[PDB]
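Below is one structure, written out as C-alpha cells; the observations come after it.
We place every Cβ from the backbone using ideal geometry, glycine too, and count neighbours over all the protein chains shown. Every number in this text was worked out from the coordinates using simple rules, so none of it is lab data.
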Amino acid sequence: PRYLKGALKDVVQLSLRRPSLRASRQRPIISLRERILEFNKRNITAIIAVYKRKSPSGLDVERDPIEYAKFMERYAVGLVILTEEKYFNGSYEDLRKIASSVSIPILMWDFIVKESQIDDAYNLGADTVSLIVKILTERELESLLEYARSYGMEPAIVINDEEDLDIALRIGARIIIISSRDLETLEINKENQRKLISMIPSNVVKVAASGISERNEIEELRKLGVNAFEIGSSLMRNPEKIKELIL
Ligand code: NA
Ligand code: NA
C-alpha cells in the first residue's frame, strides 16, 4: 500500500490480514457500469444506495440488510455494501445475504489491498469492488484492476483529489467514484468534487459520492455530466427517501 498514518494505516493493516472465505458464486456478473449507462439512456436517475451500519461520518444504524436491499431493488441502479468490519461494522455475511436476495448490481466497498479480497467479493456474489487510490500504489492498482477484470468485474476507482484522478486515468479506469469526502480528514469539499468531475473524459462513467441529500444537487451534478449518485447515510436512515430523489 501507500505510505500511510493514523486510522487509514490501521484499517489497511487490518485489511491485509482479512481472512478469506470459501463459497460458490451462484449469480452472474451483473455490471454496475452498464446498468448506469442504461438508466442514463432511459433518462432515469441512477442512485447507488449504500448499506452501512457504522461509519466515521455518522451514528450507527442497525437495520435489516435483506429488507433494505429488497426495498432498494425497485428503485436503485445498484447497491454498495460495506464489508469493512472495524470502522463500518460491515461483514461478508451482509453481502452474501443481499446478493442471494436481489438481482441488481452490487459493489463490495472495502479497503481492497490483496487478491483474496477480490476472490471473496466474487465468491460472495458482488459484481464489482472499490479500488481506493488513496491507499494503493500504481502498481497495486494496475494489478488488482486486471485481477478483478479476469473475473469479469469492472472495479470502481475511488478518488478525492487531482493526484488520485491522474492515477485513475493512468490505470485505464472505466468507472470513477468522485467522492467529496476526504478519507483522512472527513472534510466535504463539493467545489473540489466539481473540479474533478470537469476533468474526467466523457467516456468514463462518473459516480458522485458523499454529501448528496437533495434532488436539486442531483440535477445540477447530472448537468455537469455525472452519470450516477452514491447516497449512503440519508438512505440508511430513511430508505424511502430514494423515491423522491429519483422523481
Ligand atoms: Na490474511
Ligand atoms: Na466478514
Per residue, the convex hull enclosing the alpha carbons of segment 143-189 has a volume in Å³ of 78 Å³
Check: C-alpha center segment 126-160 vs C-alpha center segment 198-229, spacing in Å is 21 Å
Here the relative contact order (percent) of the chain, from C-alpha pairs under 8 Å and at least 6 apart, is 21 percent
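Under the 0.36 nm per residue contour assumption, what length would be gained going from the current alpha-carbon distance of residue 240 and residue 24 to full extension?
Residue separation times 0.36 nm, minus the Cα-Cα distance, leaves 74.5 nm.
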By the mean-Cβ-within-10 Å protection proxy, highest first, 83-89, 155-161 rank as 155-161, 83-89
For segment 87-158, averaging the sequence separation of alpha carbon pairs under 8 Å that lie six or more residues apart and dividing by its residue count, the contact order in percent is 29 percent
The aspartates and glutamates whose Cα lies under 14 Å from the Cα of residue 54, excluding any fewer than 8 residues away in the same chain, are 62, 64, 84, 85, 94, 110
A correct Karplus calculation of ³J(HN,Hα) over segment 199-215, with 6.51 cos²θ - 1.76 cosθ + 1.60, θ = phi - 60°, whole Hz and x for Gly and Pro, returns 9, 9, x, 5, 8, 9, 6, 10, 10, 7, 10, 6, x, 9, 9, 9, 4
Semi-axes (Å, rounded, descending) of the ellipsoid equivalent to segment 16-83 per its C-alpha gyration tensor are 24, 19, 12
One quarter of the C-alpha convex hull surface, i.e. the mean projected area of the chain in nm², amounts to 11.6 nm²
